[PDB]
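A.B. asks: So that we are looking at the same thing, I have put the structure below in structure tokens.
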Number of protein chains: 2
Amino acid sequence: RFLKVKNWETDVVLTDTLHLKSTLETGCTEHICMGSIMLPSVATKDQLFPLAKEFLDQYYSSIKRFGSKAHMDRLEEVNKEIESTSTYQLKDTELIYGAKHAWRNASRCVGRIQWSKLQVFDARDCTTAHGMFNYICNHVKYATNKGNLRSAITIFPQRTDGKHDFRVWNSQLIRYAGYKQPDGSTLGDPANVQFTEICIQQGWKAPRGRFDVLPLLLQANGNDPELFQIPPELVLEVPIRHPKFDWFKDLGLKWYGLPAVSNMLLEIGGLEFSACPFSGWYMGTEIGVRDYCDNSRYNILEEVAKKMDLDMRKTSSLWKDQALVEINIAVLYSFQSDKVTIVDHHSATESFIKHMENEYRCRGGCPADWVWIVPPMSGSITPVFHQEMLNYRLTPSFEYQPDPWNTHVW
Amino acid sequence: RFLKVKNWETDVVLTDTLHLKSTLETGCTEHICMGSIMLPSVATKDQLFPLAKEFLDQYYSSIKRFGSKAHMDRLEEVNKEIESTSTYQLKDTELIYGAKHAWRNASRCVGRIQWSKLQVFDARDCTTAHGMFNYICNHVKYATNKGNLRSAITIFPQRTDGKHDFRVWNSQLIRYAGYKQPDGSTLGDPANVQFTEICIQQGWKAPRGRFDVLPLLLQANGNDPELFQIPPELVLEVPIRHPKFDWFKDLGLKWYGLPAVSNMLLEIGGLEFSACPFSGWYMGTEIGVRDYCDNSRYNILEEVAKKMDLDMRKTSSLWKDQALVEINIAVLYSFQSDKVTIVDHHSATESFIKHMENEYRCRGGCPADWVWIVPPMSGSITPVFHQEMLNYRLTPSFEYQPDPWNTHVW
Ligand code: HEM
Ligand code: HEM
Ligand SMILES: N=C(Nc1cccc(CNCCc2ccc(-c3ccccc3)cc2CN)c1)c1cccs1
Ligand SMILES: N=C(Nc1cccc(CNCCc2ccc(-c3ccccc3)cc2CN)c1)c1cccs1
Ligand SMILES: C[C@H](O)[C@H](O)[C@H]1CNc2nc(N)[nH]c(=O)c2N1
Ligand SMILES: C[C@H](O)[C@H](O)[C@H]1CNc2nc(N)[nH]c(=O)c2N1
Ligand SMILES: [Zn+2]
């Protein structure tokens, strides 16, 4: 009931009591661990007030006013508001608190040392896709900050009956298109080929190239979604060069500076925000390892190893590993030389350990998903590899949700 | 009750029903996943026959004679033998079956495609530490096979009352010593500094250098353990050179060819074999990444990056990643050029996926520990990174056990 986590590189032991406040379930049981399963698995008023009370208790605790009169009146105000409408509305303060803590609770996020430096854009007054576009543009502009990236979240109206959901159909605000070729191969990003076609179906005119920034597909109040093109001046892009290899330019790679997830669901006090695009900055490996080198993504290890003139006959020459490291030095160098915020996996993972120590100290724990926290290369030469982590579900939280096209009464 | 695991690089889905035969518990609950905890947590006759029956049922099932007369008579023979002595003895056939399946069930072992090619040395007639030494030497000689390594396990008498355990006090049959220096630094292997001292306490005369192969500390029938020096001619060693960098020789690194774990407990049919050294061959990264580059092991990344003349000022130059890849090419090249069996993490992890497909097909599943199966470098450019795995505990099994010195009535 007071669980211990050890770091096997420092012999440091932290004690977790925060997992006692855990509410949702993990997918694991006493007899099966599902910690490597990628995805593990309308509301009513009878369930809502417990969720609202729990959240309001932690909100008022966090401002040194747990159990005060203002707390009780808010509790009663929300209870009575749930009585009337079978839902309720968060204060601006509660909304900002909840969003920050959904990030704080994201066990898969190695970047949480920054969790309290989060800029919350309240878009709950939005009514139309055009409003969404506007709000999203201002998010991109603010978050990008001329390369001095700033963490931000934009929060559209909460789910009501379910058939009036706000949704951003893009998986990220900024992603590159993906088209299948006549010869079956893929140009651009294979991950987005279905979404790229959905935009063509709703009317996108595609410049069938590699790094074509997709338009936005914005659904407002459950209506059919609508296409919008982010102004190109708002899309900061980094050309990828290597500090040593000059042919690396000829590779002609570029990536966007702003990672901004837009397909997740923000849960606060039992309220569901189905459209809550949030952005930070990149860890290098997301681009250099996963985006560029996943076999189902840009899959460039072939080309880079060629230009390096590596022994590609044998798997055991580690030509793949050697090219992988060169690519990630190139992503980092290119972003830093452009003053565009980025963090290498060593800096990021060290900060997460430090963040973990803070959370165990001032909060009694830190939910953490080792499978996701350990970078996709150089695992054990980063300190998180050696860090036991307890994974558990705390709320407020970011949740996955079905893709909108699979569910939307169209 | 019929769980699905997906590979997110191939879109391949396998169905696991084998987890239903799972017996022991994982450490995880519905509310907390402990999949990154490194260690998760005398017998009686009233518990033994269930364990014996379960095992004998699976043994006789596996030879197409489940429920036959020979099965029932063995079941009755073992029941009556447990009645008399409150324990029982395995047939040679059952012992070999159990050991192979303890390996087959080792969810942390990426090497299980080989699980049925296991050479079982029955040492249950051993009575003394000298017998153990002899048996262990023959294991080393056979397994090493002039570099054409062969998987083997040597199985000493099962635990009886508990105070007559056979134990190999070494964590591996072959490991390098570790001594702390006058200036506090460590020479050799920091992992073994406590064990190295224990040998000095029991009488080892140490050649205080780096790669000094430790003696054996063998405990027989619960008596005090005794030191033995493996004949050096039996300890195959590989000098580490690089196919490109000639200074890599000046690094003066060498490792032993035979990885042979000796501190684990083999559980078969509820019987406990506390001394069961088993050996295979190395995956390159065990040496090149963990042994050489863990900060708490040989910690050589410093030196290698120096000789490579790498930018070590910035963490973000990835000098560590770049030196790490060079080291692992050197370990692989050096072993292969010496015809000493080794497998690179690409070959090994590909074979494990293939092994997984076999087990789901012909067995309904394959227990697998993603945290341990994914190599410590180049994670996502190997196929296991993308492979959902269910972890669960099947028996026969290899279990951790306390270090003998912490428990032994001395
Ligand atoms: C500020 C810099 C940030 C960094 C360096 C960072 C880093 C990361 C990385 C590398 C991942 C793994 C993503 C993947 O592999 O696909 C991740 C996951 C995640 N991040 Fe962060 N992040 C940052 C900011 C944020 C912010 C501002 C939020 C929310 C407000 C957030 C919420 C999450 C969530 C919910 C996940 C889990 C995604 C999933 O399960 O698919 N992060 N983070
Ligand atoms: C034949 C070649 C083999 C290869 C390439 C291989 C590979 C590996 C590797 C890389 C690990 C992780 C070890 C670590 O990181 O410390 C491991 C773990 C393990 N292996 Fe294998 N192995 C082989 C043979 C065997 C054999 C013959 C057995 C038993 C008869 C075995 C049983 C185990 C067990 C029980 C573990 C888990 C150890 C733990 O939890 O600490 N392996 N294997
Ligand atoms: N720095 C960042 N990064 C980051 C953070 C959170 C989440 C993500 C993206 N998380 C997506 C992982 C994912 C999800 C689904 C599928 C998938 C779904 C259906 C079919 C096939 C694949 C594949 C992947 C990645 N392979 C990136 C930030 C972006 C915004 C703030 S921080
Ligand atoms: N190819 C091989 N390899 C392999 C396979 C199985 C197990 C192992 C060694 N598994 C040890 C992992 C471990 C355990 C304990 C501690 C530890 C304990 C107390 C204090 C500090 C550390 C540290 C580590 C590694 N960091 C290697 C083979 C050897 C034999 C057959 S196959
Ligand atoms: C099967 C496995 O869960 C899947 O590949 C996970 C592994 N860890 C990951 N970790 C991060 N950060 N991002 C990912 O997409 C994944 N993928
Ligand atoms: C904390 C964490 O569980 C620990 O570092 C694990 C991670 N995965 C591992 N995987 C292997 N193969 N060997 C290890 O020693 C470890 N260490
Ligand atoms: Zn688990």
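Within each chain, counting starts at residue 1; across the structure tokens, chains are named A, B, ... in the order shown, with ligands numbered 1 upward in that order.
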Skip residue 398 of chain B itself and residues of its chain fewer than 5 positions away, then list as a VMD selection string all residues within 8 Å of it, counting only C-alpha atoms.

C.D. replies: chain B and resid 102 to 103 106 264 to 267

A.B. asks: Give the residues of chain B that lie within 6 Å of chain A; count only C-alpha atoms, and format the answer as a list in words.

C.D. replies: residues 25, 26, 28, 29, 30, 31, 32, 33, 34, 35, 36, 37, 316, 344, 376, 377, 378, 379, 380, 388, 389, 390, 391 and 392 of chain B

A.B. asks: Convert the current residue selection to file output with N, CA and C atoms, as a short mmCIF file (atom, residue, chain, number, x, y, z; two decimals), in the first residue's frame.

C.D. replies:
data_model
loop_
_atom_site.label_atom_id
_atom_site.label_comp_id
_atom_site.auth_asym_id
_atom_site.auth_seq_id
_atom_site.Cartn_x
_atom_site.Cartn_y
_atom_site.Cartn_z
N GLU B 25 1.37 -14.92 -10.34
CA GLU B 25 0.88 -13.56 -10.48
C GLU B 25 2.00 -12.64 -10.94
N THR B 26 1.60 -11.51 -11.54
CA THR B 26 2.52 -10.64 -12.28
C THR B 26 3.10 -9.50 -11.46
N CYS B 28 1.32 -6.85 -11.29
CA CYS B 28 0.36 -5.84 -11.72
C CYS B 28 -1.00 -6.08 -11.07
N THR B 29 -1.79 -5.00 -10.97
CA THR B 29 -3.18 -5.14 -10.58
C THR B 29 -4.06 -4.45 -11.61
N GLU B 30 -5.37 -4.39 -11.34
CA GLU B 30 -6.24 -3.60 -12.20
C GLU B 30 -5.91 -2.12 -12.16
N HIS B 31 -5.23 -1.64 -11.12
CA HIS B 31 -5.01 -0.22 -10.95
C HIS B 31 -3.54 0.19 -11.03
N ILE B 32 -2.62 -0.76 -11.15
CA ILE B 32 -1.21 -0.39 -11.23
C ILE B 32 -0.49 -1.41 -12.08
N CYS B 33 0.30 -0.93 -13.02
CA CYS B 33 1.12 -1.78 -13.85
C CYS B 33 2.54 -1.69 -13.32
N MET B 34 3.13 -2.85 -13.05
CA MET B 34 4.47 -2.96 -12.52
C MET B 34 5.43 -3.54 -13.54
N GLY B 35 5.09 -3.43 -14.82
CA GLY B 35 5.89 -4.05 -15.87
C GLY B 35 7.33 -3.55 -15.96
N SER B 36 7.68 -2.45 -15.30
CA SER B 36 9.08 -2.02 -15.30
C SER B 36 9.77 -2.28 -13.97
N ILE B 37 9.09 -2.89 -13.00
CA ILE B 37 9.75 -3.28 -11.76
C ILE B 37 10.66 -4.46 -12.07
N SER B 316 23.88 17.14 -26.69
CA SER B 316 23.11 17.06 -27.92
C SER B 316 23.95 16.74 -29.15
N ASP B 344 23.45 -10.47 -33.37
CA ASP B 344 23.18 -9.05 -33.29
C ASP B 344 21.72 -8.84 -32.94
N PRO B 376 18.69 -2.76 -25.64
CA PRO B 376 18.99 -1.51 -24.94
C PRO B 376 19.50 -0.39 -25.84
N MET B 377 19.61 -0.63 -27.14
CA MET B 377 19.85 0.42 -28.12
C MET B 377 19.06 0.09 -29.38
N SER B 378 18.85 1.11 -30.21
CA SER B 378 18.17 0.95 -31.49
C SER B 378 16.79 0.31 -31.33
N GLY B 379 16.16 0.55 -30.18
CA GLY B 379 14.82 0.07 -29.90
C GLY B 379 13.90 -0.08 -31.10
N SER B 380 13.47 1.04 -31.68
CA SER B 380 12.37 1.03 -32.64
C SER B 380 12.80 0.70 -34.06
N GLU B 388 3.27 -5.56 -29.69
CA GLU B 388 2.59 -5.77 -28.42
C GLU B 388 2.85 -7.18 -27.92
N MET B 389 3.11 -7.29 -26.62
CA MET B 389 3.42 -8.55 -25.97
C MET B 389 2.62 -8.65 -24.68
N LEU B 390 2.06 -9.83 -24.43
CA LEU B 390 1.41 -10.11 -23.15
C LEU B 390 2.42 -10.79 -22.25
N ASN B 391 2.60 -10.26 -21.05
CA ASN B 391 3.46 -10.92 -20.08
C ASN B 391 2.62 -11.68 -19.08
N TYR B 392 3.00 -12.94 -18.83
CA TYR B 392 2.33 -13.74 -17.81
C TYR B 392 3.27 -14.88 -17.46
#

A.B. asks: Enumerate, as a ChimeraX atom specification, the complete set of residues in segment 233-381 of chain B that a backbone-based DSSP assignment places in alpha helix (DSSP H).

C.D. replies: /B:247-250,284-285,292-293,301-307,319-337,345-363,370-373

A.B. asks: Residues at most 9 Å from segment 121-130 of chain B, counting only C-alpha atoms, excluding those fewer than 4 positions away in the same chain, as number ranges by chain?

C.D. replies: B: 92, 95-96, 134-135, 139, 152-158, 166, 217-221, 223, 225-228

A.B. asks: Just write the chosen residues, N, CA and C atoms, as a compact mmCIF listing (two decimals), in the first residue's frame.

C.D. replies:
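again-v4.txt, freshly written:
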# COMPACT_ATOMS: atom_id res chain seq x y z
N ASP B 92 14.15 -38.70 -15.87
CA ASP B 92 15.07 -37.98 -16.75
C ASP B 92 14.31 -37.29 -17.87
N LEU B 95 12.58 -34.28 -16.43
CA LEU B 95 13.54 -33.23 -16.12
C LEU B 95 13.93 -32.44 -17.37
N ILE B 96 14.14 -33.14 -18.49
CA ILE B 96 14.55 -32.47 -19.73
C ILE B 96 13.40 -31.63 -20.28
N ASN B 134 33.37 -30.18 -11.05
CA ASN B 134 33.50 -31.08 -12.19
C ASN B 134 32.34 -30.92 -13.16
N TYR B 135 31.11 -30.99 -12.64
CA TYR B 135 29.94 -30.86 -13.49
C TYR B 135 29.93 -29.51 -14.20
N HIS B 139 30.10 -28.66 -18.23
CA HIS B 139 29.15 -27.74 -18.83
C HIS B 139 29.88 -26.68 -19.67
N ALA B 152 23.04 -25.07 -22.96
CA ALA B 152 23.06 -26.16 -22.00
C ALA B 152 22.60 -25.68 -20.64
N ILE B 153 22.11 -26.63 -19.85
CA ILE B 153 21.76 -26.39 -18.46
C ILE B 153 22.27 -27.57 -17.65
N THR B 154 22.84 -27.29 -16.49
CA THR B 154 23.27 -28.32 -15.56
C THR B 154 22.44 -28.21 -14.29
N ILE B 155 21.81 -29.31 -13.88
CA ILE B 155 20.76 -29.27 -12.86
C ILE B 155 21.20 -30.10 -11.66
N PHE B 156 21.51 -29.43 -10.56
CA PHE B 156 21.95 -30.03 -9.31
C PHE B 156 20.75 -30.44 -8.47
N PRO B 157 20.97 -31.20 -7.38
CA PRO B 157 19.84 -31.77 -6.64
C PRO B 157 18.82 -30.72 -6.20
N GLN B 158 17.56 -31.12 -6.22
CA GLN B 158 16.48 -30.22 -5.83
C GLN B 158 16.56 -29.90 -4.35
N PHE B 166 21.64 -26.78 -2.79
CA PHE B 166 22.78 -26.59 -3.67
C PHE B 166 22.73 -25.19 -4.25
N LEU B 217 32.24 -20.29 -6.42
CA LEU B 217 31.89 -20.49 -5.01
C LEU B 217 30.69 -21.41 -4.98
N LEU B 218 30.94 -22.67 -4.65
CA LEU B 218 29.99 -23.76 -4.82
C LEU B 218 29.55 -24.27 -3.46
N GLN B 219 28.25 -24.24 -3.22
CA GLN B 219 27.65 -24.76 -2.00
C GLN B 219 26.90 -26.05 -2.32
N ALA B 220 27.21 -27.11 -1.58
CA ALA B 220 26.67 -28.44 -1.82
C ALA B 220 25.93 -28.92 -0.58
N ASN B 221 24.68 -29.34 -0.77
CA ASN B 221 23.86 -29.90 0.31
C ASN B 221 23.84 -28.97 1.52
N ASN B 223 25.98 -27.02 2.78
CA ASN B 223 27.21 -26.76 3.51
C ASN B 223 27.82 -25.42 3.09
N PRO B 225 30.20 -22.84 1.30
CA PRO B 225 30.68 -22.94 -0.08
C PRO B 225 32.19 -22.96 -0.15
N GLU B 226 32.69 -23.42 -1.30
CA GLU B 226 34.11 -23.68 -1.50
C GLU B 226 34.55 -23.12 -2.84
N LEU B 227 35.76 -22.56 -2.86
CA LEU B 227 36.33 -21.90 -4.03
C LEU B 227 36.96 -22.90 -4.99
N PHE B 228 36.71 -22.71 -6.28
CA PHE B 228 37.39 -23.46 -7.33
C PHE B 228 37.69 -22.56 -8.52

A.B. asks: Taking the backbone alone, and naming residues the way the document does, which bits of segment 199-248 of chain A are strand (DSSP E or B) by DSSP, as a PyMOL selection string?

C.D. replies: chain A and resi 213+216-219+226-228+237-239

A.B. asks: Keeping only N, CA and C atoms, write those residues as a PDB file, in the first residue's frame.

C.D. replies:
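Saved result, out.pdb, follows:
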ATOM      1  N   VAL A 213       1.914  20.075 -46.118  1.00  0.00           N
ATOM      2  CA  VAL A 213       1.188  20.214 -44.866  1.00  0.00           C
ATOM      3  C   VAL A 213      -0.297  20.022 -45.130  1.00  0.00           C
ATOM      4  N   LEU A 216      -6.634  21.526 -42.299  1.00  0.00           N
ATOM      5  CA  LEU A 216      -7.374  21.154 -41.105  1.00  0.00           C
ATOM      6  C   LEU A 216      -8.759  20.662 -41.497  1.00  0.00           C
ATOM      7  N   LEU A 217      -9.238  19.640 -40.792  1.00  0.00           N
ATOM      8  CA  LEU A 217     -10.604  19.141 -40.934  1.00  0.00           C
ATOM      9  C   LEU A 217     -11.274  19.307 -39.577  1.00  0.00           C
ATOM     10  N   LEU A 218     -12.114  20.333 -39.476  1.00  0.00           N
ATOM     11  CA  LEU A 218     -12.645  20.820 -38.211  1.00  0.00           C
ATOM     12  C   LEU A 218     -14.140  20.552 -38.153  1.00  0.00           C
ATOM     13  N   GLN A 219     -14.561  19.827 -37.126  1.00  0.00           N
ATOM     14  CA  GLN A 219     -15.961  19.532 -36.867  1.00  0.00           C
ATOM     15  C   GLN A 219     -16.419  20.337 -35.658  1.00  0.00           C
ATOM     16  N   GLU A 226     -15.061  20.595 -41.940  1.00  0.00           N
ATOM     17  CA  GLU A 226     -14.769  21.549 -43.002  1.00  0.00           C
ATOM     18  C   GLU A 226     -13.267  21.771 -43.100  1.00  0.00           C
ATOM     19  N   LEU A 227     -12.785  21.898 -44.335  1.00  0.00           N
ATOM     20  CA  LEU A 227     -11.364  22.043 -44.629  1.00  0.00           C
ATOM     21  C   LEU A 227     -10.899  23.481 -44.480  1.00  0.00           C
ATOM     22  N   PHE A 228      -9.731  23.663 -43.860  1.00  0.00           N
ATOM     23  CA  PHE A 228      -9.068  24.960 -43.801  1.00  0.00           C
ATOM     24  C   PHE A 228      -7.563  24.782 -43.943  1.00  0.00           C
ATOM     25  N   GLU A 237       9.119  25.569 -40.431  1.00  0.00           N
ATOM     26  CA  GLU A 237       9.751  24.332 -40.862  1.00  0.00           C
ATOM     27  C   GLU A 237      11.263  24.475 -40.793  1.00  0.00           C
ATOM     28  N   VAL A 238      11.918  23.356 -40.495  1.00  0.00           N
ATOM     29  CA  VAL A 238      13.359  23.245 -40.287  1.00  0.00           C
ATOM     30  C   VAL A 238      13.928  22.381 -41.413  1.00  0.00           C
ATOM     31  N   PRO A 239      14.792  22.914 -42.280  1.00  0.00           N
ATOM     32  CA  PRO A 239      15.528  22.042 -43.209  1.00  0.00           C
ATOM     33  C   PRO A 239      16.598  21.268 -42.458  1.00  0.00           C
TER      34      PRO A 239
END

A.B. asks: Using only C-alpha atoms, can you tell me which of B:17, B:192, B:85, B:262 comes closest to residue 211 of chain B?

C.D. replies: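 Of the candidates, the smallest distance to residue 211 of chain B is held by B:192.
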
A.B. asks: Please identify all protein, DNA and RNA residues within 7 Å of ligand 3, counting only C-alpha atoms and all ligand atoms, and report them as a list in words.

C.D. replies: residues 109, 191, 259, 260, 261, 278, 279, 280, 281, 282, 283 and 286 of chain A; 8 of chain B

A.B. asks: Compare B:114, B:151, B:202, B:107 by their minimum atom-to-atom distance to ligand 4, counting only C-alpha atoms and all ligand atoms, and give me the closest one.

C.D. replies: B:151

A.B. asks: Which residue is closest to ligand 1? Choose from A:60, A:97, A:360, A:115 and count only C-alpha atoms and all ligand atoms.

C.D. replies: A:115

A.B. asks: Could you check which of B:257, B:232, B:269, B:215 is closest to ligand 2, using only C-alpha atoms and all ligand atoms?

C.D. replies: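 Smallest separation from ligand 2 among the options: B:257.
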